[PDB]
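Considered here are two forms of the same protein chain, supplied as structure tokens in two stand-alone entries, structure 1 and structure 2.
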Structure 1
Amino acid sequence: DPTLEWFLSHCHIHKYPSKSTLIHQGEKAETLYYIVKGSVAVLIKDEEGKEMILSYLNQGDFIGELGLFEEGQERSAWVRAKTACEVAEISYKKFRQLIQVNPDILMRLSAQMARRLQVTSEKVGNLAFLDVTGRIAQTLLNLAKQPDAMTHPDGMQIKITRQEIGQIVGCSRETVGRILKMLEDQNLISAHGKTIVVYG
């Protein structure tokens, strides 16, 4: 993309090791990010530390954009590297200037914000309409469709901790274990620790 390589030429690339935190919730937002390589997890915490993953973001996604349209904004969530990342970065101020010379870069940003509101809205619906089992089931099918999913004779095989499934759907690690077990007894999946074969 012509608009992207141009935008990236005004950015300073930073690398982050896996598991590090790129953005800290509560801090002043003055910088925009863009994932050149790798993936991250956007998450929020309650008053007592419980974590909920709002979304995963990968190659080609902007991050830290919510503070751009108004002064004195704080990061709305935490962002941690899921894999080692290579992230381009640029101050809001300089980005606002590129928007003036070319509004097409703001168009790329908004396209993702729109998509984010659509998917976060769908997550509101899952938390309100589906029980924990329905939410886990849907999560498993989503993961089984992803790129990093391995092929298997009876479906697709995925690797994930019960802690992270619990963080995505909103339940304890113990609850995830009990439901995985129930889905297995129904012959819908095969669970062996962190390995899950989703039949299909």
Structure 2
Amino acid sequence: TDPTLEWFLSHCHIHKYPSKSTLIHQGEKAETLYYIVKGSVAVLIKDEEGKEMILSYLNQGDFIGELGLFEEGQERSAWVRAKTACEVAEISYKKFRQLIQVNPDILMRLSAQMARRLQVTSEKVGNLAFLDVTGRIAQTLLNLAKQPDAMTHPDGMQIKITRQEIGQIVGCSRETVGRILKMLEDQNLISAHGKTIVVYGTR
């Protein structure tokens, strides 16, 4: 049982987003705060040419679109797209601020999540500056075995992801992610057959 979250939700509008739909468009005005009741989303950004880059996955429990809530007239900083199908609690910034002034605990929980994201994103920066592609991919396979939807498997953690996607995570071409997944297999570090990958030695 969780008193604060239950109270928070009771002041939200719940809305279902179909798989692959866009919850947030970069550039749009920011006036609403979201909270993922069920599902998982992908936070992504794009270059001028249109190339994609996955900033982060968020899951049940995570807030979304919180960044526009502190300064007036800010714009959504990234696309947010439903990975699976999502059920999302919604509340206007204006009305959320009113909750805060009733019980600052909810703001604590939001800031907790922000702090985490900053640590995680900062690390992503280090990864890009310091590691070659093999290093970033290896790192990402370990981070993907951490996610909720990862399945336990005898040899280590089993995950479902495409080579193309991994490419959009570590910032490189899909052809390259393919070559490297094939090398990490000779080195008996992982087992790759289809979208199915067993990351040896987790769990």
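Residue numbering: sequential along structure 1, first residue numbered 1. For the two forms, the rigid core is made up of the largest set of C-alpha atoms that agree within 1.5 Å on superposition.
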Inset, instruction - State which of the options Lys45, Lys145, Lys37, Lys28 undergoes a Cα shift of 2 Å or more between structures 1 and 2, taking the core as fixed. - result: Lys145
Inset, instruction - Using a rigid core alignment, state whether the CA of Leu54 is displaced by 2 Å or more between structures 1 and 2. - result: no
Inset, instruction - Using a rigid core alignment, state whether the CA of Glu70 is displaced by 2 Å or more between structures 1 and 2. - result: no
Legend entry - C-alpha of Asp154 off by 2 Å or more between structures 1 and 2 on rigid core: yes
Legend entry - Value in Å for the CA shift of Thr195 between structures 1 and 2, taken after the core is superposed: 2.2
Legend entry - Core superposition result - C-alpha of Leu183, shift between structures 1 and 2, Å: 1.6
